[PDB]
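Student: Below is a structure I'd like to ask you about.
Only the coordinates and a few stated rules stand behind these numbers; no lab work does. Note: ideal-geometry Cβ built from the backbone for every residue, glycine included; neighbour counts use all protein chains shown.
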Amino acid sequence: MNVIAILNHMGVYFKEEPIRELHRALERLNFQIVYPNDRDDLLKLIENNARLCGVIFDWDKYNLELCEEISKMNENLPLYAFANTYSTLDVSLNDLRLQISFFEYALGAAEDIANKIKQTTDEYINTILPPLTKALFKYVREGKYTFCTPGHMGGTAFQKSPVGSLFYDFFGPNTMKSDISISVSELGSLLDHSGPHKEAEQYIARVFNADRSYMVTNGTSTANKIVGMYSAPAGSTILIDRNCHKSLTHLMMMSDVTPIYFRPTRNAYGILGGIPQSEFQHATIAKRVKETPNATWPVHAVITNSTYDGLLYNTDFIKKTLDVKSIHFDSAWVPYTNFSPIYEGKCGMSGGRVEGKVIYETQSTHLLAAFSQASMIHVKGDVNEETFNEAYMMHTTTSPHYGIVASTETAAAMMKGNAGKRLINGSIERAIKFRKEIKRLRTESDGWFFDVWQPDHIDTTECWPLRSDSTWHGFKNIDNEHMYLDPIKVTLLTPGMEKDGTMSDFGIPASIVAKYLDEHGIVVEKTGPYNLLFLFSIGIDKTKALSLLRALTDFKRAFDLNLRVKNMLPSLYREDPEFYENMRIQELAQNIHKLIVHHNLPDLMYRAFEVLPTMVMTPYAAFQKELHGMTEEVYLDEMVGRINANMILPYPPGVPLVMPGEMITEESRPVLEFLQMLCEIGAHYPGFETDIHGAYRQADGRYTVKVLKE
Amino acid sequence: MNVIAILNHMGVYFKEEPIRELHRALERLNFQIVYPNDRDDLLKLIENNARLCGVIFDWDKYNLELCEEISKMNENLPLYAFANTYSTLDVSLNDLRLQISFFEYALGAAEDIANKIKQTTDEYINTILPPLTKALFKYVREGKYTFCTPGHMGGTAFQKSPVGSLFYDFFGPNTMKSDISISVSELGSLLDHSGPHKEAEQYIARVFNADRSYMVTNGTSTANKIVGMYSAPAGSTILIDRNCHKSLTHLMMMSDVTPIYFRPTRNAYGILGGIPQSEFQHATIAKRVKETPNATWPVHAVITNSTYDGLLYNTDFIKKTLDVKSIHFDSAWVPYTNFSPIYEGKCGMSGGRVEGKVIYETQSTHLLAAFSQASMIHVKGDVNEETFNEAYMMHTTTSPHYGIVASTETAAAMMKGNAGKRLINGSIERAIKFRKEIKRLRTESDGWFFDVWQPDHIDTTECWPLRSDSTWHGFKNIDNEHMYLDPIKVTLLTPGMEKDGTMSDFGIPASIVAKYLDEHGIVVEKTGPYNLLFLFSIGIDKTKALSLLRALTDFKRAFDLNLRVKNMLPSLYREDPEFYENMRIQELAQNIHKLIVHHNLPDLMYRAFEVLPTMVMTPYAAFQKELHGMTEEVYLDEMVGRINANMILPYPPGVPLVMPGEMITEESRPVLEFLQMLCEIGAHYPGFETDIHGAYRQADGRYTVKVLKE
Amino acid sequence: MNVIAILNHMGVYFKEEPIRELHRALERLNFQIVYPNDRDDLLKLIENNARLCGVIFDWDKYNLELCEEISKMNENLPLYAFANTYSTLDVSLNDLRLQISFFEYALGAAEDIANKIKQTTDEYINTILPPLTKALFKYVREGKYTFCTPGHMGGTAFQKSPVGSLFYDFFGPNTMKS
């Protein structure tokens, strides 16, 4: 932070010479002076460079031309205004709130003015930096504790070791010294929620519109279990989205609870739809309580809001309708709802308390930018603070990393205020630009191209509603004014399926487009049989957009030339030279596509997940048997009529198929048929193997599963 | 890594000029040349500087004088030997294993020789560096994934933000880029234990003498729960050291188990003694099974080996004697046992398997040097790998930090081989030196001084045995050839108690010595009423030893002058100027000491922990009530006859006093008397407050505790 | 292969200063910068000089005036395009097949951008060179076979002989080692 811009020649020595003296005095005080070519260049420098930290200018020549323009960009930026004859305090200025220091052009003033500017900059720096990190830097500068642990002693031991020097040499002293313990007692305490730790909680709780906010450093995996174990008593029944995370299965195995499942809808594509309004209404729930063996009224519900594909609930309706005392919105996908008005009435925290209920959001901070494992628990309502805090303290890491904690606090510091508001606004604007760019290239090229899966026109900047009277989304009998498409989540479609969900004769499975992009280091966020997703973050610049956009036109060009796999996919070639020697990219695509077409994969996959295996015992009940080691393996073929010991998690489509305690019967035979079909279709091409978790491929090529012993 | 030493003038141009040409050629290839004044300076440079990475010398002038000396220090260090007339392959060399490249002094050779040396150094570097970190650096150099998350995009977002720049500016690009996800698929997988992750496990498992080793990144807190939940079935009885960690209480509350406690011995000082041999013998355990309500034969035992004060068990005796199928040595204090022969027969992993039993060590790597939260599970025996691995995967962080994992791997890299063996040997040697230094200063000074708590003579370098025929240790009727003192753990004694455990008229409580050292930034590892501990690590150098040694003589000097608290403890003074205005350091000491003497604190503390509160219900049973919110607060005075809801953990002495479900009665009245006494003695001086966890100081100054409702 | 052409003054510090920083950063990375007097001089340089291996330009000032003209001469030639306000992905570009990397004018970017350009140039070089000659050069750089024949040992014997040095001195190590 040392670049000072100067903008001018004035035509008079009495002005020019003091600025020369000040230039020189400031350079001696370790400032880099930069000189925008013109007024517009200066505004672009500021706009793009946060390291520009002051502007010197002639008051008369520039004040009415600059002051408001700069204040729009950054209201703390130091301005050093030099006066002429007519320079003064005009009544027009009286009403503006500006951060202004007035200075004259004089030789020999730089020493004192520089010292004041230094002090005033430190004052501004001190205001904007968060206090815990500020104190940490001060310790690293001043403190003198020797004869101390950690044994590495500020990384010292790493430097005398070539092997340790590799790790130290990269990270360096500061990184090594920031790994501190409670021996630095003046930073307060996380466990007492005291000092700069309280200041952080209030800052966050106020920013994110929560009653109370906890900082969790082991992800939403851990936030779920802290909320779960406090929330789900033994012997109780819970309503749980059949679309649930594994960490909630691990909770069920550890707690004696009976699940009744909210039942999402699904369309032919396999895209999950929302739990319909009926699922929340007292009459519907009461009926399932009647139909579920040993069920009682639910004590805790967990809803995933939004769905992945951007269907958000009318949360005003849910909070009013769902008659459950404890409602936990796992809102991992929507951490940003407080920051766009388009999400009002469509998020957990929106509005005020819900009388008679505690509402949770658990959020995976790491659709924002933060270190992996950073998660928040946002509580809207009361807990038993002593029992909740004991629950928190029992599940706290053994050695908390002092950076991870600061990384989550500094992630907010970055996104804070205007400039973070303007950053996200910019990304929304470019999202819509890119959307229209795909349409352009679709026009310009002869023959097949990518398309976008979206409404016919997007004349409106919002999360576009999905309506029952529209066909573009492919869902059947959708609720209206219920689901909305987030502009920044861009799905692309590859050739292979019809707008119906029926199959084309010509197809290019998306997995092949991924292999190509993988040779070129470009990662596809998410891929399905014929779909690819791209996220337009604040990362994504003009260089990356051009490289991606160009890479996509290069795929088409290379595909259409029918390049040899040998030439287009050299790393794949090296896996089996003979297998791949003569194959061309279009033949690889044809063969895999023909398999998909023939094996009717989408229909079989759809049907496997539309019925439920039979719950013979609960996951917890089966785990009691496992706890005593009462498990054997059987072959996959032999599994009908047996009680499964493990979750069986196949890829595709990546969601649980059989739970511990469930059994395939005749009612649920399509389950087994899908599984056997996956083993067959995936046995053909090296690099395109079957993948089913919970099934064990024996060295002989047969699959086993774990079952309960009799 | 670029410093090359040259050692010589030879008196002939045909030798000197090529070395000039090579000096210049090497400087142009970015080597720093250094010139030891003499042969001894070179050996000291090598000994102290790992960045010296090559030595050029005249073969004849130096080979018989240098080769073996350097090979003793570092057997990979590149040597570049220049030949004369008599230089050749003498039969005497045939048997030595050396890393030698032979070169001639010639102009113009540096370009090619430098390139070979560069390549040969990279080959050596590549051998010594561990492969996962090596691959990570290569990615950071070569890879080109754009349009990607993490959103911060290699820290890019931090740089445009003064607040984020504070965090980035300190850590920098490399630190920011090493926070990666499984998108970098070529590093293998932790969860599959595959690729460079397997290579790490084998490396560690072989180094630490285990059958199998797991890498845990959430401390031994988490290692305990992974082993616990696999090991302790519901309805079973467990033998557990009444000296247990809180994380094992949190396990008991979560699992339906019945505890029977191994009962340590204790002496008047309050120092824990070992569970006697009788506690392991079948007849003793059988008798407690009879006497314990609803007890069955134990399925799992947890012993803390060693004790803190260095009493190690004959583990050969325990493994042979203790008739329990599952024995878990929580060996957090003894991570280094594999590396000194003095610990043979005295650690969990020593020797081979124990037929018919699984033996665990859980170790807190962070008495070594590693990041906080680093812990290992070392298994000696078989587990059900699928159920154990499912247990591991359920308790794995949400977002693993990729550095923490490398920090534990690089901590081993540092300590590896000879140089890490010589480092620890050096620390043992200095420990004994310092021990004799305290004795010297004790002689030189008139009047009182510090003493060391150790045997009368230490003519032997080992862990000295504590014997029943010796009085120095203060324990009553100790087992012989049972406990040993680790030389590197140095306890110092302050005036105040007699060698009996009886009280002196003159005392200086250790807490006051801590306040002094705290003003000077010096931390005391561990303090008790009249004791202070110092660890002589590989960190501790001559500068730190002198500063500590001098700081200790300065305390005496300043104490004996009776400086004003105002002058000697200015920060304490600022807390209450009026309170402290006229008080001198000796008066502060007197008043606090007189309190200790009068309140007979050691006797009362000793007695509070020698009886056990009555277990009315188990901690788990009480938690069922808490699970339903059935808790109220009562005042401390009102607690006899009530069932405690929380653990009550007082400081001092820092170990549990009452468990959930326990009740103070008449049998255990000294418990309440100690607690009330602590509230009284600690109410006198600002900065010397009472501290009891589980008791809540109300704003009015009264204490409450949580109890079960009736 | 190290001559990079720069074609411009733009009249604004926010553009000119990053290009100054990049000029200097690139010169430190061992590039020779050349400056065509004008657009036509640049096209003649390219047309006549295969050692010109990259062009840096302002996207708006020059893209519609240069892109097609350069693509007619050499379709692998690295272009480093710097963006302004109106710079973006216009539907008109969607159909052209071009080798384009997009970059911004920024101080301190040269170290990373230079490394990417170096890598991208090596990728282009590696595509165009035939693989046997490529492998031969790699051996001459890395391999370490000593105690070997040919007896001349990479021409070594020629250098100690004035008569043999006449033949070696002219051809040199590379010719002798191939």
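Student: What helices (runs of 4 or more DSSP H) completely inside segment B:100-192 contain at least 1 residues that are of a type outside the set (A, V, I, L, M, F, W, C) and touching a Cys at 6+ places or on another chain (Cβ under 7 Å)?
Tutor: Hits in segment B:100-192: B:110-128.
Student: What's the number of the condition A:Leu248 fails, among (1) away from every other protein chain (no Cβ under 14 Å); (2) within 19 Å of A:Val658 (Cβ to Cβ); (3) not in a loop (DSSP other than H, G, I, E, B)?
Tutor: Among (1) away from every other protein chain (no Cβ under 14 Å); (2) within 19 Å of A:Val658 (Cβ to Cβ); (3) not in a loop (DSSP other than H, G, I, E, B), the lone unmet condition for A:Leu248 is (1).
Student: Take the residues in segment A:177-225 that are more than 21 Å from the chain's Cα centre (by Cα) and among the β-branched types (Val, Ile, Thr), then tell me which one is nearest to B:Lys625 (Cα to Cα). If you could, list the steps in order and put the result at the bottom.
Tutor: Initially, segment A:177-225 is screened for residues more than 21 Å from the chain's Cα centre (by Cα), giving A:177-203, A:206, A:211-212.
Filter once more, keeping what is among the β-branched types (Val, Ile, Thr): A:180, A:182, A:184.
Working: A:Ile180: 39, A:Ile182: 34, A:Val184: 38 Å.
Selected residue: A:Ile182.
Student: Cβ-Cβ under 9 Å, sequence separation 6+ or interchain: first residue in segment A:315-330 and within 27 Å of A:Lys246 (Cβ to Cβ), partner surrounded by fewer than 21 Cβ atoms within 10 Å (Cβ to Cβ) and small (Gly, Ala, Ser). Which pairs?
Tutor: Listed by first residue and then by second, the contacts come to A:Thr315/A:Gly345; A:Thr315/A:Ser350; A:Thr315/A:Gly351; A:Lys325/A:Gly356; A:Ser326/A:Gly381.
Student: Within the set of pairs 6 or more residues apart or between chains, which connect a residue that is within 9 Å of C:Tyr13 (Cβ to Cβ) inside segment A:35-52 to a residue that is surrounded by fewer than 18 Cβ atoms within 10 Å (Cβ to Cβ) and small (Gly, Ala, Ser) with Cβ atoms less than 6 Å apart?
Tutor: Once the first residue is within 9 Å of C:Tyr13 (Cβ to Cβ) and sits in segment A:35-52, its partners that are surrounded by fewer than 18 Cβ atoms within 10 Å (Cβ to Cβ) and small (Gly, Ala, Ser) give A:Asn37/C:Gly11.
Student: Let me ask another. I want to confirm something. Restricting to segment B:1-17 and keeping residues that are under 21 Å from B:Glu111 (Cβ atoms) and surrounded by fewer than 16 Cβ atoms within 10 Å (Cβ to Cβ), which single residue is nearest to the other protein chains (Cβ to nearest Cβ)?
Tutor: B:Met1
Student: OK, next. Among the residues of segment A:18-43, count how many are surrounded by fewer than 14 Cβ atoms within 10 Å (Cβ to Cβ) and within 12 Å of A:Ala114 (Cβ to Cβ).
Tutor: 4
Student: If you don't mind, another one. Restricted to segment B:484-509, and to residues that are assigned to a strand (DSSP E or B) and of a type in the set (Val, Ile, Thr), which residue is surrounded by the most Cβ atoms within 10 Å (Cβ to Cβ)?
Tutor: Ranking the candidates gives B:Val490 first.
Student: Would you call A:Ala621 over 25 Å from A:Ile512 (Cα atoms), within 14 Å of chain B (Cβ to nearest Cβ), of a type in the set (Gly, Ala, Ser) and touching a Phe, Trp or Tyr at 6+ places or on another chain (Cβ under 6 Å)?
Tutor: No; evaluated as a whole, the condition is false for this residue.
Student: Here is a further query. For segment A:18-37, give me each residue that is at positive phi and either within 14 Å of chain C (Cβ to nearest Cβ) or of a type in the set (A, V, I, L, M, F, W, C) (or both).
Tutor: none
Student: Condition first: more than 31 Å from the chain's Cα centre (by Cα) and either surrounded by fewer than 17 Cβ atoms within 10 Å (Cβ to Cβ) or in a strand (DSSP E or B) (or both). Can you find one or more residues in segment A:549-558 that meet it?
Tutor: yes
Student: May I ask you to list pairs of residues, at least six apart or on different chains, whose Cβ atoms are under 6 Å apart, with the first in segment A:540-564 being closer than 21 Å to A:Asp451 by Cα and the second being in a helix (DSSP H, G or I)?
Tutor: From residues that are closer than 21 Å to A:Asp451 by Cα, the pairs are A:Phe555/A:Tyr516; A:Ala558/A:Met568; A:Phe559/A:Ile585.
Student: Continuing with this model, one more query. So, of the residues in segment A:414-455 that are facing another protein chain (nearest Cβ under 9 Å) and under 26 Å from A:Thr365 (Cβ atoms), which turns out to be surrounded by the most Cβ atoms within 10 Å (Cβ to Cβ)?
Tutor: Ranking the qualifying residues of segment A:414-455, first place goes to A:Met414.
Student: Can you confirm whether B:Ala110 is surrounded by 16 or more Cβ atoms within 10 Å (Cβ to Cβ), more than 33 Å from the chain's Cα centre (by Cα) and under 23 Å from A:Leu367 (Cα atoms)?
Tutor: It is false that B:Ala110 is surrounded by 16 or more Cβ atoms within 10 Å (Cβ to Cβ), more than 33 Å from the chain's Cα centre (by Cα) and under 23 Å from A:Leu367 (Cα atoms).
Student: Right, another one. Please specify each residue of segment A:19-44 satisfying the condition of being in a helix (DSSP H, G or I) and touching a strand residue (DSSP E or B) at 6+ places or on another chain (Cβ under 8 Å).
Tutor: In the first step, residues of segment A:19-44 are kept if they are in a helix (DSSP H, G or I); the result is A:19-28, A:39-44.
If the condition is that a residue be in a helix (DSSP H, G or I) and touching a strand residue (DSSP E or B) at 6+ places or on another chain (Cβ under 8 Å), then A:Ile19, A:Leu22, A:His23, A:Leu26, A:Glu27, A:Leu42 are the ones that fit.
Student: Further, regarding this structure: What do you reckon, is C:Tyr105 over 21 Å from A:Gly521 (Cα atoms), of a type in the set (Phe, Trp, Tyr), within 11 Å of another protein chain (Cβ to nearest Cβ) and buried (at least 16 other Cβ atoms within 10 Å of the Cβ)?
Tutor: Yes: the conditions hold for C:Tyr105.
Student: Another question, then. Only residues that are loosely packed, with under 11 Cβ neighbours inside 10 Å and either β-branched (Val, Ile, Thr) or within 14 Å of another protein chain (Cβ to nearest Cβ) (or both): list them for segment C:144-168, please.
Tutor: Answer for segment C:144-168, where residues must be loosely packed, with under 11 Cβ neighbours inside 10 Å and either β-branched (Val, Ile, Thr) or within 14 Å of another protein chain (Cβ to nearest Cβ) (or both): C:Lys144, C:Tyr145, C:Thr146, C:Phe147, C:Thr149, C:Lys160, C:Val163.
Per-residue answers, yes or no, for (1) on the phi > 0 side of the Ramachandran plot; (2) within 14 Å of another protein chain (Cβ to nearest Cβ); (3) in a loop (DSSP other than H, G, I, E, B):
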| site | (1), (2), (3) |
| --- | --- |
| B:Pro335 | no, yes, yes |
| B:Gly348 | no, no, yes |
| B:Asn389 | no, yes, no |
| B:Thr396 | no, yes, yes |
| B:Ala412 | no, yes, no |
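Student: Checking A:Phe57 against (1) surrounded by 15 or more Cβ atoms within 10 Å (Cβ to Cβ); (2) farther than 17 Å from C:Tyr13 by Cβ: exactly one of these is not met. Which one?
Tutor: (2)
Student: Among the residues of segment A:169-209 satisfying the criterion of being aromatic (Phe, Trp, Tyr) and at the interface with chain B (Cβ under 8 Å from one of its Cβ atoms), which is surrounded by the most Cβ atoms within 10 Å (Cβ to Cβ)?
Tutor: Only one residue tops the list, namely A:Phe171.
Student: Now, a different point. Which pairs turn up if I take residues in segment B:362-383 that are at the interface with another protein chain (Cβ under 10 Å from one of its Cβ atoms) and look for partners that are crowded, with 24+ Cβ neighbours inside 10 Å and of a type in the set (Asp, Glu) with beta carbon separation below 7 Å, at least 6 apart in sequence or on another chain?
Tutor: none
The rows are residues; the columns are (1) in contact with a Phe, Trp or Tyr (Cβ under 9 Å, 6 or more places away or on another chain); (2) more than 14 Å from chain B (Cβ to nearest Cβ); (3) under 20 Å from A:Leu604 (Cβ atoms); (4) part of a strand (DSSP E or B).
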| residue | (1), (2), (3), (4) |
| --- | --- |
| A:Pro650 | yes, yes, yes, yes |
| A:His684 | no, yes, yes, no |
| A:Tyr696 | yes, no, no, yes |
| A:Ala699 | no, yes, no, no |
| A:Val707 | no, no, no, yes |
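Student: With the structure loaded, tell me whether A:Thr127 is within 22 Å of B:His366 (Cβ to Cβ) and either at the interface with chain B (Cβ under 8 Å from one of its Cβ atoms) or among the hydroxyl-bearing types (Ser, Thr, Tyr) (or both) or whether it fails that test.
Tutor: no
Student: Identify the single condition in (1) touching a strand residue (DSSP E or B) at 6+ places or on another chain (Cβ under 7 Å); (2) assigned to a helix (DSSP H, G or I) that A:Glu47 does not satisfy, given that it satisfies every other one.
Tutor: (1)
Student: Okay, next question. Do we find a residue being part of a loop (DSSP other than H, G, I, E, B) and either within 14 Å of chain A (Cβ to nearest Cβ) or touching a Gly at 6+ places or on another chain (Cβ under 7 Å) (or both) anywhere in segment B:540-547?
Tutor: Checked against the condition, which is being part of a loop (DSSP other than H, G, I, E, B) and either within 14 Å of chain A (Cβ to nearest Cβ) or touching a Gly at 6+ places or on another chain (Cβ under 7 Å) (or both), segment B:540-547 yields at least one hit.
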